[PDB]
Every structure is written in structure tokens, then in C-alpha cells.
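These protein sequence lines map, in sequence, to chains M, H, 9 and K. Mapping the first sequence onto the authors' numbering, position 53 (from 1) lands on 53, and the numbers just tick up by one. Position in the second sequence (first residue = 1) + 1 = the authors' numbering. Mapping the third sequence onto the authors' numbering, position 21 (from 1) lands on 21, and the numbers just tick up by one. Position in the fourth sequence (first residue = 1) + 1 = the authors' numbering. Just below is one structure, and these are the notes that go with it.
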Amino acid sequence: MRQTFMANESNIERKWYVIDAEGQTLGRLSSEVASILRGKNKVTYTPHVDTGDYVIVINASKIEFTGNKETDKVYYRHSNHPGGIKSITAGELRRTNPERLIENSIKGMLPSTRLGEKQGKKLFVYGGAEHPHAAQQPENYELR
Amino acid sequence: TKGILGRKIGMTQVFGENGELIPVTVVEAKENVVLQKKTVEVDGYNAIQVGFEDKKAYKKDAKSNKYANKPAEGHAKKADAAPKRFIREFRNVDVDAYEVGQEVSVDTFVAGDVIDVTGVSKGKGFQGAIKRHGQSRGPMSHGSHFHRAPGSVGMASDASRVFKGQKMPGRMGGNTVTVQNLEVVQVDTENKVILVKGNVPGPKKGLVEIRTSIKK
Amino acid sequence: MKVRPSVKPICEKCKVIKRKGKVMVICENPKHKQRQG
Amino acid sequence: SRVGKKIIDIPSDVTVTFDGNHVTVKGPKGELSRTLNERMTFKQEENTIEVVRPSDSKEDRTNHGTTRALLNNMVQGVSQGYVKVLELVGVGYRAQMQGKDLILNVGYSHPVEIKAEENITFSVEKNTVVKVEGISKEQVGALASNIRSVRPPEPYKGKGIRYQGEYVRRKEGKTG
RNA sequence: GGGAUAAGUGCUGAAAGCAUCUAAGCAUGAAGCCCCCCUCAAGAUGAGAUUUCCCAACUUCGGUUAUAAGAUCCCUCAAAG
RNA sequence: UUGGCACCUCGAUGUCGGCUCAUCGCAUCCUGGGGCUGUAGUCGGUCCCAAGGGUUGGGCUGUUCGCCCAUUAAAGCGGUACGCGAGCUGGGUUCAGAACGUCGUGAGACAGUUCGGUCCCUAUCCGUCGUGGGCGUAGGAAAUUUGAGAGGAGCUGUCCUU
Ligand SMILES: [Mg+2]
Ligand SMILES: [Mg+2]
Ligand SMILES: [Mg+2]
Ligand SMILES: [Mg+2]
Ligand SMILES: [Mg+2]
Ligand SMILES: [Mg+2]
Ligand SMILES: [Mg+2]
Ligand SMILES: [Mg+2]
Ligand SMILES: [Mg+2]
Ligand SMILES: [Mg+2]
Ligand SMILES: [Mg+2]
Ligand SMILES: [Mg+2]
Ligand SMILES: [Zn+2]
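See below:
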């Protein structure tokens, strides 16, 4: 007998969290945040709807790497023009655009679906300790 | 660092102090007024907005761009100026040296100033690869059926496509163009004209923007 | 500089060192400078 | 690490004070402050200091030796200072003082100016013996190295700027 | 011209009492990298910013309405096509 | 590269060279930076970093190559269906004519030669170069704009002085 609960927009409640990147490892913080954004931490998780929460990440500039990733991890992109490869190292990207670093790391751990795009749009990253979302009343979230 | 707006009148020549022939462009740069002052605090960057060439006042049943509409009239009246035909910002100037409503006379530039001139190049319409991109023709004889064609657009199975940036026929000219390191030959304050050494982009009557040259 | 997979002393004054992950020989004799590669 | 174990002797005129890792040594000639390895402990005696490492790991031994050497260098720099002497070889190769800056004429079509830095003093003798004096051994070495690299010694006649005790390999320039 | 680098060149420096450009630390170093220069660019759906303009009646009181600012149709044209 | 194999294609995947248009790699020809030298200087030799840009007209030959004339800072080496024939050519090569040498009794034949000898196609899709309309960007409008991104550019001689 079919009895499995299905979340839908009428009964989904999305909260706002704040997570501090300071002293955290890029990938491990990223995987946890991605779980939160997808709603894998809710007993009402329903794959065809977004049951996830909004996440604000602060102190993106204080994320840390192990090994020599700061100089040796290279992000490549292509402009779709011949010879159009451009690269930037992980350390330089942390220096110049830490928000983008965190965002790409997290979004690479979300499915490439319309729903995954929408869920990734609930992510907000800030290099410093302040965010403009006091109006959303976010709760601190402790990793792990 | 200075800036002004003018119309291209045409080309002529002047004889220099040693009798050398100096080709010049005549730029009429009357009726330049500082309409707005943009600042880092309000707008996020510093610049002066200059309006050039008074147009007619707003009227009820206006049908052309000759008459200022109400938004433009309000914007200009805030500076206490008549409405203007062309409006451009200069970021290269010291904003503190200008007041809104100020006149910008051709006398701001002096003979010998090195300047950059920006304009819209003359339009050519739809043009082929030889004219638009300066390519070579094929043979005109020896059995040729390739004269003005653009040539091969790719290779083969690798890459089974044409790459972006391939040069092909299309509209030519009408581009923003900056010519750097021209020189102010003369300033005629009675006629409100600047003689610029050489030639500058665009048709006659086209808007030209003169700035202190960026490279030094 | 001698750049070669085989880096080793050429004379008794040659000194094997390691810099930036590379085996090298430094010596009073400039001919004997070697970097592995 | 014998260097790490070795104790630093403090002259009576030199005072060493620690603020966690960061340390500062004052003496007759000046003050030198720097941040030492955070995992190293310091036994501060009235007249001497000793450096202690926590373990016998490779990193601990290396950092112990270098920390002891650096602190001893700070002490000796405040006490006696450090000096490096270069000399100029070649006809017309001369040096002189443009106040505090050093201007060198060494076979170039232009003179070369070396601007003085804080805590460093240049002195020219006989127009051909330059000396750099300071409290920082590292800074003295760096500035002397810059002076020498302006034109280092060439092998066919030895001309150029050398450290006074430096041995310059010589070569026979011309043969039939 | 600036910033960071390559091969290098060094300073200080231990592991390893010496030595050592390297481990910590500090310099310097290419037409190359990132800028500086020129052009496009907010469909940058993350759709940004500034200045100015317009602003009421009627309503089953959700909403509508033609009008406003404005822009077009149509017409005379060219520096544009 | 010369091959080996015979796996796609024989209800067709056009084949050498040239022209037009390039694009990429670096194992670098020049220009930039270095180490060693049996580097006096001017020159060189050899190796390392470096792919930004640049890297010529002619004589002969179908030629590619190659030799030669004259230059240049230099006259790089390769991949892209030995790039590119629904972009061009058609000299060679691979139809039918004819001929020479040669082989064959002969009909004929020859990576032997010679002279002659039909190169079709109105672009549907992606791709590419231009140029418009719709809606969105939580009121409707006119101007001025930031710059996330993207593209362009990037080469070098000689002489004078020191
Ligand atoms: Mg024809
Ligand atoms: Mg393909
Ligand atoms: Mg060998
Ligand atoms: Mg078989
Ligand atoms: Mg078929
Ligand atoms: Mg290479
Ligand atoms: Mg190159
Ligand atoms: Mg081919
Ligand atoms: Mg084809
Ligand atoms: Mg033929
Ligand atoms: Mg045959
Ligand atoms: Mg015939
Ligand atoms: Zn040796």
C-alpha cells in the first residue's frame, strides 16, 4: 500500500543558517553545506522538490587548504574561443575572490539539474564577518 | 587631465613655425556645461557629466529629438543649464576642480597638449572579407572561381565546426574608436574651435570626445 | 649547469644537496654544478 | 641539535624579553625583534638563555637549531653589530658617499646609486673600500650582496666589486 | 610602468658543531603570467548603479480603466542602411 | 617516415601539389632571461627557462622536397582526414585517342616516356559572421553609467652618444 510522504511547497519550511568558514577546510565545509542546501538533513526530504535551507557562509577569506593546494590547485576555464584557456590558482582566487571560491566548491557538489541550480541559488558567501541578511534572522550552524 | 565634447567640422591644414604642412581637424566645441557630478559616495566612482550643444526646450507635441523631453529637461534644469544634445562622462578629470553648471570652454586645452580623441567611425554597411578584414583575393584568371570569397572557415572532422572569431562578411564601421596622442595645434576661443593635428574618427558633424592623453 | 638524470660527484670536492625537491651537485669547480633532470 | 642545545650568553648591557613567540632584544647599538618558532620553549636565565625543543622529530631538531642561531645572532648584533666589507678592483672603479647613499662608478656609462636603509651605515675608505655596518646580520648580508651584484668580479682581471676576503677564480684570457 | 613568478642568482639558516639559496624566514629575477593600453559587455535570470520625468478616477473595493511621462504608426530625409 | 595488422567506410569517407583562411603543440628559428665554456674583446659552442609576437621575394621543376640568386632579427619543426575541392585550381596522377623504347606470335602491356583530354549541387540542422522582434529584470519612462566576464594588441632593424 502506497503511504510514502511527499513534501510540496505548501508544507516545506526553509530556515536560514550562518556557517563560519574560519579555520575550516574548503572541501569538508563545502560537502556539509551542500547537504544542508539539498535538504538531506530533513526527515521530509523529497527528491523532486527543494526541501533544503538557505546558508550564509561568512569569513570565506579565512578558509584553509592542506598540502600545497594554495599554489598547486589550478582552476581552469575556457572562453569558447580558440586557445581560450584561462587559469587561476586556488590561493590567488582566495586572495581576490573568496566568495567565488566557496561558491564554486559548493556548487560542484550539487547536481546539474534545474533543481540543483535553484538549490545552489540559496547560498550566500561573504569574505568578511558581516552579511546583509539580518532581516532573515539566521541561526548559527555548527559543522559536523 | 581635461575633457571636452565637440562636433567634427572637417579637415584642413596649417603652416607651422618652420613652414611644415600640418593637417588638422576642426572641432567645434561650444556650449559644454557640467550637468552632473558623480562621486564615489553616491555613484561609486568619480566623474563629471558634460552636456554639449544646446537643443530646444520641451514643448507639448514634440515629434523629434530636437526638443528636450521632460526627464532630460529636469536633469538639465537641476544643473541650471539648457538641455543638451550630447551627454558624456569624463572619469579622468579632477571632480573637485568643477562645479555643476560650469561652462567648459575650449580654452581649457592649450596648443601643444597631447590628447586622445574618441568617436564613432564612419559606417560602411554590409561588407565582405576583403574590405572588412583586409583578406587576399583569389586569382582573377587562370580558371579561378575564387575572387572575393573569405576562404576556408575551418579544417575537417577535427573540429567539425567553425571556431568563434572566424572572420566573415557583416556590417563594417560604426565602432567606437580612440586615436591616441594627437596634439592640440591651436585653440580659437572666438569661434570655440580646437584644431587637432591629424584626423579623427567619424563623419563630419559626428560627436568627438577630446581627453588629455592617458599615456605619458 | 649540467642538467641530466645522472647527477653525482665528479671530484671529491663535489657536494650532493637537495633544493626544492631536486638533486643537485655544487662544487668549487663551476663545471661540476649539476641539477637532476 | 648541538646548535639548539648550546646556550646563548647575554652581555650585561643586552636585555632579552619574550612576548610568547615574539621576542625583542635591546642593546647599546639598537633593538631587534622577531617571531621565533612557536613550538620552542625558552629557559631565560639572568645571564643566559637556553632553547628547548619538545621532541626529537626532524622538524623539532631543525627549528631548534635555527631558533638558537637566530636568537644568538640578534644578541651579538645588538652587542657588537655586524659589518661586511667590499673592495673595488679596476682602474677608475670608485665609490663615494652622497650623504647617506652610496654612489659607485664601476665601468658603466652611468653611476649607480644604492640608497641606505634603516639601521644600516655605509662607509667609503680610499675611494675603493666600501663597508656596510648594521645590527641585523641578515640586512647587512643583503645590502652587501646588492652592492657586490652591482658588478661582481670577472675572472680575466678580477675587476669589479668583491668581498674583501673573497677568493676570485682567475682565468687566462688570451692565448695564441 | 606595477604585482607575482620561470630557469637562475643570492642573504640569513639549521637538520648535520662544519658546509649548505631551503627546512622555517627574507630578497632578487624573463618579450612570458596578472594588470596597465584599446573595444564589447547587466539575458552578469546574480538581470547592478546614478540623475531626471509621470502619479486618478471608477470599483463585483481582489480589480479595472483609458490616459500621464514616453514611444510609435504614417510622412520629409542621411552622417545610418 | 617506411611498414605490419585488416577493426569503420566499396546502396562512394575525392586522391598529390598550389591558392584562400587559419588553428593548435613545443621537442625554440629570432627576439627576452639564465648556467657552463678550451667565455680576453667582438664573436661563438653547449645546456636550462620561455609559445607573446614575428618568422621574405625570386630561377628550375606538377611538384612536395631539393639546389640556386638576393635578402632578413629570423627565413623553426610538427598536428589539425599528410587541416582546408558542397571555398578555388586541376599542372601530376588514375578512362576512352595517338606515339616512342621495351616485352609479347598475338590481342595487348609497362610505379617507362610523350602530346591531348567534361571538377555538379538554390544551405534544412548544428557551427560561424552580422542584424531585428518577444518577454524577463515586481510601476511606467528618458538619459548617463559600474564592470562580472570576453575579445584585441603584443614583432623587430639601423644609426648617433657613452
Ligand atoms: Mg570569374
Ligand atoms: Mg567536434
Ligand atoms: Mg653520464
Ligand atoms: Mg581476423
Ligand atoms: Mg550512404
Ligand atoms: Mg620548453
Ligand atoms: Mg612564441
Ligand atoms: Mg589533407
Ligand atoms: Mg570539403
Ligand atoms: Mg591534367
Ligand atoms: Mg599502370
Ligand atoms: Mg585539345
Ligand atoms: Zn667537483
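The C-beta atom is built at its ideal place from N, Cα and C for all residues, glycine as well.
If one requires a minimum length of 3 residues, the beta strand (DSSP E) runs lying completely within the segment 42-111 of chain M are 54-58, 74-78, 85-89, in chain order. The continuous alpha helix (DSSP H) containing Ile131 (chain H) extends over residues 130-134.
For a cut-off of 8 Å, the C-beta gap from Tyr17 (chain M) to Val55 (chain M) is around 5 Å, short enough to register as a contact. DSSP, reduced to helix, strand and coil, places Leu36 (chain H) within a strand of the structure shown. The beta-bridge partner set that DSSP reports for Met1 (chain M) is empty. The residues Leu36, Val101, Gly102, in chain order, have a CB closer than 6 Å to that of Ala80 (chain H) in the same chain once the five nearest residues on each side in sequence are set aside. A residue is called buried once 16 or more other Cβ atoms fall within 10 Å of its Cβ, and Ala60 (chain M) is buried on that count. Residue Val125 (chain M) holds the alpha-carbon nearest to the alpha-carbon of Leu26 (chain M) among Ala135 (chain M), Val125 (chain M), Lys40 (chain M). By the neighbour-count criterion, in which 16 or more other beta carbons inside 10 Å mark a residue as buried, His146 (chain H) falls on the exposed side. In this structure, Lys8 (chain 9) has its CB at a distance of at least 7 Å from all heavy atoms of ligand 13. Per the DSSP secondary-structure output, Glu184 (chain H) pairs in a beta bridge with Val115 (chain H). Of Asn120 (chain K), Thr129 (chain K), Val169 (chain K), the smallest CA-CA separation from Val86 (chain K) is found for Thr129 (chain K). Here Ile115 (chain K) really is in contact with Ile148 (chain K); their C-beta atoms are around 6 Å apart, less than 8 Å. A straight-line Cα-Cα distance of about 9 Å links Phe91 (chain H) and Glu210 (chain H).
Residues of chain H whose Cβ lies closer than 9 Å to the Cβ of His81 (chain M) are, in chain order, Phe164, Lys165, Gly166. At a threshold of 7 Å, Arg4 (chain 9) counts as near ligand 3, since its beta carbon sits closer than that to one of the ligand's heavy atoms. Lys85 (chain H) and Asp108 (chain H) have their C-alpha atoms spaced approximately 20 Å apart. Rounded to the nearest whole angstrom, the C-alpha separation of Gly159 (chain K) and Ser87 (chain M) is 47 Å.
Per the DSSP secondary-structure output, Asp10 (chain K) pairs in a beta bridge with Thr49 (chain K). A direct Cα-to-Cα measurement between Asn120 (chain K) and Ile136 (chain K) gives close to 7 Å.
In the structure shown, the three-state DSSP call for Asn66 (chain H) is coil. As for any alpha helix (DSSP H) of minimum length 4 sitting wholly inside the segment 128-177 of chain K, the runs are 138-151, ordered along the chain. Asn29 (chain 9) has its Cβ nearer than 7 Å to a heavy atom of ligand 13. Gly124 (chain H) is bridged by DSSP to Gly174 (chain H).
Between the alpha carbons of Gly135 (chain H) and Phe164 (chain H) lies a distance of about 19 Å. Only residues of its own chain outside the window of five on either side were considered, and among them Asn41 have a CB closer than 7 Å to the CB of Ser35 (chain M), listed in chain order. If you look at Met75 (chain K), you'll find it isn't in any beta strand (DSSP E); it sits in the alpha helix (DSSP H) that goes 59-80.
Look at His143 (chain H): its beta carbon is at least 7 Å from all of the heavy atoms in ligand 1. Annotated three-state conformation of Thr213 (chain H) is strand, per DSSP. In the DSSP assignment, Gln36 (chain 9) falls within the beta strand (DSSP E) that extends over 34-36. In the three-state reduction of the DSSP assignment, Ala160 (chain H) falls in the strand class.
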